[PDB]
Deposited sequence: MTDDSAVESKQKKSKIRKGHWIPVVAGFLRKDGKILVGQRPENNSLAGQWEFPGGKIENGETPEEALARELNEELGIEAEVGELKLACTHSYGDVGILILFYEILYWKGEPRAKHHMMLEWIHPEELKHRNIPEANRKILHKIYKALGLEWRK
C-alpha cells in the first residue's frame, strides 16, 4: 500500500523554500499527494498553487525515494521548479521560509528527507561537505 508524493525545489538567490507543517511541526518541501488521474507534474503544479498561490511550471525530475511509517509506504518524487508567476504566500503551512540549504542539516525534516539529505544536496547542485 503506497502513497506517491510530489515535492518541489524552488530557489531564491541560493536559498530554498521549505514550509512548516500545520497539524507535524516538521519542515518540508512544498507539494502533496498525486490524486487519481493526474501525472506527477499536474499533481505538483496543483499542490504548489493551492499551498503557495503561485502558477508554477514543473521542471526536471531530480530524485525519488521511499519511506515506511508502519504499514504506510510513501514514495516521494522531487522536481526542480525554475519558473512560476507571483510570490509564494503561506496558504497552508503556518510558516514559509527561504533558508540556506546548509540549514537543512539542523532543521527538523521528514525522516524520508533526512535519510537522503546528501542526494538532495547534489540534486540542488551542492556538495555534502
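**Student:** Tell me, which runs of residues in the deposited sequence have no coordinates at all?
**Tutor:** Holes in the chain trace, numbered from 1: 1-19, 43-46, 153.
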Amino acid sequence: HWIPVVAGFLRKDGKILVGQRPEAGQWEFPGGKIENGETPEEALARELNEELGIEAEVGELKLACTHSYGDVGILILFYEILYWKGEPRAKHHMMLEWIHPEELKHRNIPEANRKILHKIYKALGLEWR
From here on, numbers count along this sequence of modelled residues.
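**Student:** Does residue 117 have no coordinates in at least a third of the other PDB entries examined?
**Tutor:** No: coordinates for residue 117 present in every compared entry.
**Student:** Taking only the other compared entries that model residues on either side of residue 24, decide whether it is unmodelled in at least a third of them.
**Tutor:** In at least a third of the other entries, residue 24 has no coordinates.
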